[PDB]
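Listing of target22.cif; format and content: mmCIF, C-alpha atoms and all ligand atoms.
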```cif
data_target
loop_
_atom_site.label_atom_id
_atom_site.label_comp_id
_atom_site.auth_asym_id
_atom_site.auth_seq_id
_atom_site.Cartn_x
_atom_site.Cartn_y
_atom_site.Cartn_z
CA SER C 1 0.00 0.00 0.00
CA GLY C 2 2.05 2.91 1.34
CA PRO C 3 1.01 6.55 1.59
CA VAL C 4 -0.57 8.36 -1.35
CA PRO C 5 1.72 10.93 -3.02
CA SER C 6 0.97 14.65 -2.91
CA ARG C 7 1.93 17.78 -4.85
CA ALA C 8 1.70 21.47 -4.03
CA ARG C 9 -1.22 23.23 -5.71
CA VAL C 10 0.92 26.29 -6.54
CA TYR C 11 4.58 26.93 -7.35
CA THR C 12 4.94 23.19 -7.90
CA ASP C 13 7.88 23.15 -10.34
CA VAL C 14 9.54 26.53 -9.71
CA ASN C 15 12.77 24.94 -8.46
CA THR C 16 12.89 22.50 -11.38
CA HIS C 17 13.00 25.45 -13.80
CA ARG C 18 15.88 27.02 -11.82
CA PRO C 19 19.56 26.22 -12.34
CA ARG C 20 20.80 23.45 -10.06
CA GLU C 21 22.88 25.77 -7.87
CA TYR C 22 19.76 27.69 -6.79
CA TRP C 23 18.48 24.85 -4.58
CA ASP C 24 21.47 22.47 -4.33
CA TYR C 25 22.77 24.06 -1.15
CA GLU C 26 25.04 21.14 -0.23
CA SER C 27 27.45 22.30 -2.96
CA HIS C 28 27.11 25.99 -2.03
CA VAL C 29 30.41 27.72 -1.22
CA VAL C 30 30.14 30.19 1.66
CA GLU C 31 31.66 33.67 1.33
CA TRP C 32 33.13 34.38 4.77
CA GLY C 33 33.52 37.98 5.90
CA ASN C 34 35.77 39.36 8.63
CA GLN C 35 34.28 39.19 12.12
CA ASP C 36 36.73 41.90 13.25
CA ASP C 37 34.37 44.33 11.49
CA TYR C 38 31.77 43.70 14.23
CA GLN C 39 31.70 44.35 17.98
CA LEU C 40 28.98 42.79 20.12
CA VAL C 41 27.00 45.28 22.23
CA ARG C 42 24.55 43.13 24.21
CA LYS C 43 22.65 39.86 24.09
CA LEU C 44 19.12 40.03 22.70
CA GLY C 45 17.90 36.47 23.23
CA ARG C 46 18.85 32.83 23.64
CA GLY C 47 17.54 30.04 21.42
CA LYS C 48 17.89 26.31 20.96
CA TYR C 49 20.05 26.67 17.82
CA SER C 50 21.61 30.13 18.19
CA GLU C 51 22.23 33.21 20.33
CA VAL C 52 21.26 36.66 19.04
CA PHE C 53 23.25 39.82 19.78
CA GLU C 54 22.99 43.49 18.98
CA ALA C 55 26.25 44.54 17.33
CA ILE C 56 27.99 47.43 15.59
CA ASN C 57 29.82 47.37 12.26
CA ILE C 58 33.18 49.02 13.00
CA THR C 59 33.78 49.96 9.37
CA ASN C 60 30.73 52.22 9.00
CA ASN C 61 29.21 52.60 12.52
CA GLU C 62 26.12 50.68 11.35
CA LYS C 63 23.92 48.84 13.84
CA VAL C 64 23.51 45.14 12.99
CA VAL C 65 22.15 41.96 14.55
CA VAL C 66 24.51 38.98 14.90
CA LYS C 67 23.20 35.41 15.20
CA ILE C 68 25.90 33.11 16.55
CA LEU C 69 25.07 29.61 15.34
CA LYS C 70 25.22 26.76 17.81
CA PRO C 71 27.04 23.71 16.38
CA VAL C 72 24.93 22.01 13.70
CA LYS C 73 25.54 20.06 10.50
CA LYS C 74 27.50 22.00 7.88
CA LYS C 75 24.79 21.38 5.27
CA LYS C 76 22.17 22.99 7.53
CA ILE C 77 24.27 26.16 7.74
CA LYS C 78 24.62 26.24 3.95
CA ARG C 79 20.86 25.72 3.62
CA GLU C 80 19.94 28.71 5.79
CA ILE C 81 22.58 30.85 4.06
CA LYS C 82 21.46 29.85 0.56
CA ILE C 83 17.79 30.47 1.40
CA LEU C 84 18.55 33.88 2.92
CA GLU C 85 20.57 34.86 -0.16
CA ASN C 86 17.88 33.66 -2.58
CA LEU C 87 15.17 35.61 -0.73
CA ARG C 88 17.23 38.76 -0.05
CA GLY C 89 15.37 41.90 -1.09
CA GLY C 90 11.99 40.16 -1.05
CA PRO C 91 8.95 41.68 0.66
CA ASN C 92 9.31 41.63 4.45
CA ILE C 93 12.21 39.14 4.34
CA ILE C 94 15.02 39.81 6.81
CA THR C 95 18.18 40.94 5.01
CA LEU C 96 21.35 38.89 5.47
CA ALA C 97 24.21 41.40 5.48
CA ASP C 98 27.31 39.27 6.14
CA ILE C 99 28.64 35.85 7.14
CA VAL C 100 31.58 35.57 9.56
CA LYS C 101 33.54 33.01 11.58
CA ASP C 102 35.31 33.44 14.90
CA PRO C 103 39.05 33.12 14.16
CA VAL C 104 39.81 30.83 17.12
CA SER C 105 36.64 28.81 17.74
CA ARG C 106 35.68 28.71 14.02
CA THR C 107 32.06 29.17 15.13
CA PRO C 108 29.92 30.57 12.29
CA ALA C 109 27.66 33.57 12.71
CA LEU C 110 25.17 35.41 10.51
CA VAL C 111 24.81 39.20 10.57
CA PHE C 112 21.47 40.75 9.61
CA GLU C 113 20.07 44.20 9.00
CA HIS C 114 19.15 45.87 12.27
CA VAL C 115 15.58 45.58 13.52
CA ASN C 116 14.01 46.72 16.77
CA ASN C 117 14.00 43.93 19.36
CA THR C 118 10.20 43.57 19.19
CA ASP C 119 8.53 40.39 17.94
CA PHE C 120 4.87 39.74 17.17
CA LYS C 121 4.42 37.82 20.43
CA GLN C 122 5.03 40.88 22.62
CA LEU C 123 2.78 43.22 20.63
CA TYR C 124 -0.48 41.50 19.66
CA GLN C 125 -2.03 42.10 23.10
CA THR C 126 -2.34 45.82 22.26
CA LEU C 127 -3.36 45.35 18.62
CA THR C 128 -6.69 46.57 17.30
CA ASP C 129 -8.79 44.59 14.84
CA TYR C 130 -7.31 46.60 11.96
CA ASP C 131 -3.72 46.11 13.13
CA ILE C 132 -4.18 42.33 13.20
CA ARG C 133 -5.43 42.35 9.60
CA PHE C 134 -2.66 44.75 8.56
CA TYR C 135 0.20 42.66 9.96
CA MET C 136 -1.35 39.36 8.85
CA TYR C 137 -1.36 40.81 5.33
CA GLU C 138 2.31 41.78 5.67
CA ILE C 139 3.20 38.24 6.75
CA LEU C 140 1.30 36.83 3.77
CA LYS C 141 3.43 39.01 1.47
CA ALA C 142 6.57 37.32 2.82
CA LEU C 143 5.05 33.83 2.64
CA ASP C 144 3.72 34.23 -0.90
CA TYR C 145 7.15 35.50 -1.95
CA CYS C 146 9.21 32.69 -0.44
CA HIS C 147 6.69 30.10 -1.66
CA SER C 148 6.90 31.65 -5.15
CA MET C 149 10.68 31.27 -4.80
CA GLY C 150 10.22 27.57 -4.03
CA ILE C 151 10.91 27.72 -0.29
CA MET C 152 8.91 26.60 2.76
CA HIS C 153 9.65 28.45 6.00
CA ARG C 154 8.46 25.55 8.22
CA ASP C 155 8.74 27.56 11.46
CA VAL C 156 6.09 30.29 11.21
CA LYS C 157 5.26 31.57 14.70
CA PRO C 158 4.93 34.97 16.43
CA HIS C 159 8.46 34.70 17.84
CA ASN C 160 9.80 34.60 14.26
CA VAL C 161 8.02 37.82 13.18
CA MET C 162 9.91 40.98 14.16
CA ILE C 163 7.67 44.07 14.13
CA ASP C 164 8.60 47.75 14.31
CA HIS C 165 5.16 49.01 15.28
CA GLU C 166 6.07 52.71 15.24
CA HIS C 167 7.00 52.37 11.55
CA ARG C 168 4.41 49.63 10.85
CA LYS C 169 6.94 47.31 9.20
CA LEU C 170 7.65 43.66 9.93
CA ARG C 171 10.26 41.08 8.94
CA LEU C 172 10.03 37.29 8.87
CA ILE C 173 13.14 35.85 10.54
CA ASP C 174 14.80 32.54 11.53
CA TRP C 175 15.12 30.62 8.26
CA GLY C 176 17.19 27.82 9.84
CA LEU C 177 14.34 25.33 9.39
CA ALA C 178 13.36 26.51 5.90
CA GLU C 179 13.66 24.10 2.98
CA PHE C 180 13.29 24.04 -0.81
CA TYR C 181 10.13 22.40 -2.14
CA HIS C 182 10.67 19.65 -4.71
CA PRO C 183 7.69 17.63 -6.00
CA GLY C 184 7.85 14.08 -4.68
CA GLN C 185 10.43 14.79 -1.97
CA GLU C 186 9.75 13.47 1.53
CA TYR C 187 10.71 15.82 4.35
CA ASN C 188 11.52 15.60 8.04
CA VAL C 189 8.35 15.94 10.12
CA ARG C 190 10.37 17.03 13.19
CA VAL C 191 10.05 20.72 12.31
CA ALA C 192 8.24 23.80 13.65
CA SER C 193 7.19 24.44 17.25
CA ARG C 194 4.70 22.11 18.92
CA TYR C 195 1.77 24.54 19.06
CA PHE C 196 2.16 25.33 15.33
CA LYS C 197 2.85 21.87 13.86
CA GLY C 198 0.48 20.98 11.05
CA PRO C 199 -1.50 17.74 11.23
CA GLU C 200 0.68 16.34 8.44
CA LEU C 201 3.66 16.55 10.81
CA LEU C 202 1.74 14.98 13.69
CA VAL C 203 0.51 11.97 11.68
CA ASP C 204 3.96 11.56 10.03
CA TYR C 205 3.08 12.41 6.43
CA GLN C 206 6.36 13.44 4.82
CA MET C 207 5.32 14.63 1.33
CA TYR C 208 4.09 18.03 2.49
CA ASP C 209 4.61 21.43 0.86
CA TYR C 210 4.14 25.19 1.29
CA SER C 211 0.69 24.64 2.84
CA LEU C 212 2.45 23.73 6.10
CA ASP C 213 3.18 27.43 6.64
CA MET C 214 -0.50 28.23 6.10
CA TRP C 215 -1.54 26.00 9.00
CA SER C 216 0.99 27.74 11.28
CA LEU C 217 -0.38 31.11 10.18
CA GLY C 218 -3.89 29.94 11.04
CA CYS C 219 -2.67 28.97 14.50
CA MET C 220 -1.25 32.48 14.92
CA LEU C 221 -4.44 34.15 13.70
CA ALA C 222 -6.63 32.08 16.04
CA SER C 223 -4.47 32.95 19.05
CA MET C 224 -4.67 36.67 18.24
CA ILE C 225 -8.38 37.13 17.49
CA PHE C 226 -9.39 34.85 20.39
CA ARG C 227 -6.59 35.97 22.76
CA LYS C 228 -5.80 32.33 23.55
CA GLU C 229 -2.06 31.63 23.44
CA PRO C 230 -1.51 29.06 22.22
CA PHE C 231 -4.78 28.11 20.52
CA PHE C 232 -3.93 24.39 20.31
CA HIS C 233 -2.22 23.84 23.67
CA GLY C 234 -0.84 20.30 23.57
CA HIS C 235 1.37 18.70 26.20
CA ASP C 236 3.43 16.92 23.51
CA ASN C 237 3.26 15.97 19.84
CA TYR C 238 0.64 13.26 20.43
CA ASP C 239 -1.63 15.40 22.63
CA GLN C 240 -1.18 18.25 20.14
CA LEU C 241 -3.21 16.29 17.58
CA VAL C 242 -5.82 15.56 20.26
CA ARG C 243 -6.21 19.29 20.93
CA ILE C 244 -6.72 19.87 17.20
CA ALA C 245 -9.19 16.98 16.96
CA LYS C 246 -11.25 18.38 19.84
CA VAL C 247 -11.80 21.49 17.67
CA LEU C 248 -11.76 20.33 14.04
CA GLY C 249 -13.39 16.98 14.83
CA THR C 250 -12.22 13.40 14.42
CA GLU C 251 -14.33 12.61 11.34
CA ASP C 252 -12.37 14.92 9.02
CA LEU C 253 -9.17 13.65 10.64
CA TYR C 254 -9.83 10.01 9.77
CA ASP C 255 -11.04 11.02 6.30
CA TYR C 256 -7.71 12.81 5.86
CA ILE C 257 -5.85 9.70 7.03
CA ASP C 258 -7.92 7.51 4.70
CA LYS C 259 -7.45 9.83 1.71
CA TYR C 260 -3.64 9.68 1.84
CA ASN C 261 -3.47 6.11 3.22
CA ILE C 262 -1.48 7.33 6.22
CA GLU C 263 -0.34 4.64 8.65
CA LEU C 264 -1.35 6.16 11.99
CA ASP C 265 0.79 5.53 15.05
CA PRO C 266 -1.15 3.04 17.23
CA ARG C 267 -0.76 5.34 20.25
CA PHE C 268 -3.32 7.68 18.66
CA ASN C 269 -6.03 4.99 18.76
CA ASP C 270 -6.68 5.29 22.51
CA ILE C 271 -6.34 9.09 22.80
CA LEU C 272 -8.09 10.63 19.77
CA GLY C 273 -11.54 9.32 20.66
CA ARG C 274 -14.61 10.82 19.02
CA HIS C 275 -15.10 14.58 18.82
CA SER C 276 -17.46 16.74 16.80
CA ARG C 277 -16.27 19.71 14.77
CA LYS C 278 -16.77 22.74 17.01
CA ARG C 279 -18.20 26.08 15.94
CA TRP C 280 -15.78 28.99 16.27
CA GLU C 281 -18.30 30.88 18.44
CA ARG C 282 -17.23 28.58 21.30
CA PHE C 283 -14.03 30.63 21.68
CA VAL C 284 -15.63 34.10 21.52
CA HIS C 285 -16.17 36.04 24.75
CA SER C 286 -16.55 39.63 25.93
CA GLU C 287 -12.80 40.32 25.95
CA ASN C 288 -12.02 39.18 22.37
CA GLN C 289 -15.30 39.88 20.53
CA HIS C 290 -13.95 43.19 19.20
CA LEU C 291 -11.32 41.17 17.29
CA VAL C 292 -13.73 38.52 15.94
CA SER C 293 -15.90 39.09 12.87
CA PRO C 294 -17.64 36.85 10.33
CA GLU C 295 -14.82 37.70 7.91
CA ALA C 296 -12.18 36.63 10.44
CA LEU C 297 -13.90 33.32 11.19
CA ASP C 298 -14.47 32.50 7.52
CA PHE C 299 -10.80 33.23 6.78
CA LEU C 300 -9.59 31.21 9.78
CA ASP C 301 -11.75 28.23 8.83
CA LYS C 302 -10.10 28.06 5.40
CA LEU C 303 -6.60 27.95 6.92
CA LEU C 304 -7.09 25.26 9.60
CA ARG C 305 -7.89 22.21 7.48
CA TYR C 306 -6.50 18.72 8.02
CA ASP C 307 -6.07 18.24 4.26
CA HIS C 308 -3.04 20.40 3.43
CA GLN C 309 -4.24 20.58 -0.19
CA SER C 310 -7.52 22.18 0.99
CA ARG C 311 -5.91 25.11 2.83
CA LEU C 312 -5.79 28.53 1.22
CA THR C 313 -2.56 29.41 -0.52
CA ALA C 314 -0.84 32.62 0.52
CA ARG C 315 -2.13 34.44 -2.58
CA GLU C 316 -5.65 33.07 -2.10
CA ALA C 317 -5.48 34.24 1.53
CA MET C 318 -4.46 37.77 0.50
CA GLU C 319 -7.65 38.04 -1.59
CA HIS C 320 -10.02 37.06 1.23
CA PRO C 321 -12.64 39.68 2.26
CA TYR C 322 -10.87 39.82 5.63
CA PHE C 323 -8.26 42.10 4.01
CA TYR C 324 -10.51 44.26 1.80
CA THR C 325 -10.03 47.39 3.92
CA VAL C 326 -6.27 46.82 4.23
CA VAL C 327 -5.97 46.42 0.45
CA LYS C 328 -7.95 49.62 -0.14
CA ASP C 329 -5.81 51.64 2.28
CA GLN C 330 -2.55 50.47 0.69
CA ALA C 331 -3.91 51.37 -2.74
CA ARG C 332 -4.44 55.00 -1.71
CA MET C 333 -1.19 55.77 0.16
CA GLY C 334 0.57 52.38 0.37
CL1 LIG V 1 16.66 39.30 15.74
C1 LIG V 1 16.93 38.01 14.54
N1 LIG V 1 16.85 36.74 14.90
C2 LIG V 1 17.05 35.75 14.01
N2 LIG V 1 17.01 34.40 14.17
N3 LIG V 1 17.28 33.82 12.96
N4 LIG V 1 17.49 34.82 12.05
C3 LIG V 1 17.34 36.01 12.70
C4 LIG V 1 17.44 37.36 12.28
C5 LIG V 1 17.23 38.36 13.22
BR1 LIG V 1 17.35 40.23 12.72
#
```
Rendering of file as structure tokens:
Amino acid sequence: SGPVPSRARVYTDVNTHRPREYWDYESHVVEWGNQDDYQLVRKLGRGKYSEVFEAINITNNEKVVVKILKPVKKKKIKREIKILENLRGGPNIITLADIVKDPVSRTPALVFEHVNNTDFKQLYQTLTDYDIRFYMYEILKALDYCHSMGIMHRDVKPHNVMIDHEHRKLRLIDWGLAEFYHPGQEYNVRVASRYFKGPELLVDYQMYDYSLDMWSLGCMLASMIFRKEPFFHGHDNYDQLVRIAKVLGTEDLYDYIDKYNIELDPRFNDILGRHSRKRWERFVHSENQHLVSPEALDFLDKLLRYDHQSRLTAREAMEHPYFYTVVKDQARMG
């Protein structure tokens, strides 16, 4: 038997039409700068794969951000570098400015354009209904671009969205989990953060595509309009699917498994149970109702689907009525 193959609905063959060196990052040669051009000012945050510092470029007194990479496979470093270089200059994509190594420790580090140390997670508590739509639209610009360039981000979450609210600009960061989409390729399902993992990751379906990012975006949107962080609050990867099933229902879940002939881990048998598909009104209350509208719920429903092929693409999402006012305002002034 085996699982049923799958293909992305959009941007399916974009990498095939590219020269090999565009996506064959294992053969990419890295252009190393001089780390003596940069002095670290202060630590910004600590991660599982890197440490982020505010720094200064000695040569031109320019503020930068330096991401010191924790030891990982050489090919993973080349992948993040190649993806950042391919996407450089794209809408709302963080700009990679330089690549350096410590002379003694040989530890690699990436230097980025400076952004204010404010991510989406810290800000959305004070956001109006319009601001949520505005910044969701800006994220969709970055996703539609990188998807059109044949790249899945695979780690979309509020922590990876830096926002300068005073200037109303945002940047999508942390491309260390991003990967090139190739039709027929099977990918590692051990990606993204638990609360944002798509059902394809949780049931171990490896032939996924750009639509993985659209599930993660739906998880972000639900947490913001409902003020429930996270929206799917699982204890682990198994319970994460249970939390989803208690909302989206078990019937569509098993139909999804049947459609792609997915061999489900037997542990799920005794924990998924039977659950109806819940109406989104269940999560509306007096403190979030000003963020919830029929347009928001209709848009959210079309993102959070078990069947990855049934989710809105980034471009389809940008044309939803949820963004009509945002589109009109950008047409007038931008
Ligand atoms: Cl602040 C910051 N963090 C990152 N993590 N991965 N890439 C990154 C770029 C910037 Br700028």
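Computed from the coordinates, the CA of residue 79 in chain C to CA of residue 121 in chain C distance equals 26.4 Å.
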- Any idea what's packed within 8 Å of residue 326 in chain C, counting all atoms listed in the file, ignoring anything in its chain fewer than 2 positions away? Could you give it as a list in words?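 Selected residues are residues 130, 133, 134, 137, 323, 324, 328, 329 and 330 of chain C.
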- Message: Rounded to one decimal, what separation in Å do you get between CA of residue 321 in chain C and CA of residue 140 in chain C?
- Response: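 So the answer is 14.3 Å.
Identified as lying at most 6 Å from ligand LIG 1 (chain V) when counting only C-alpha atoms and all ligand atoms are the residues residues 65, 112, 114, 115, 173 and 174 of chain C.
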- Message: Just checking: using only C-alpha atoms, which residue out of C:64, C:152, C:242, C:142 ends up closest to residue 92 in chain C?
- Response: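 Residue with the minimum atom-to-atom distance to residue 92 in chain C: C:142.
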- Excluding range 5-15 of chain C and residues on its chain fewer than 5 positions from it, collect all residues at most 10 Å away from it, counting only C-alpha atoms, and give them as a VMD selection string. chain C and resid 20 22 to 24 144 147 to 151 180 to 186 205 to 211 260 to 261 308 to 315
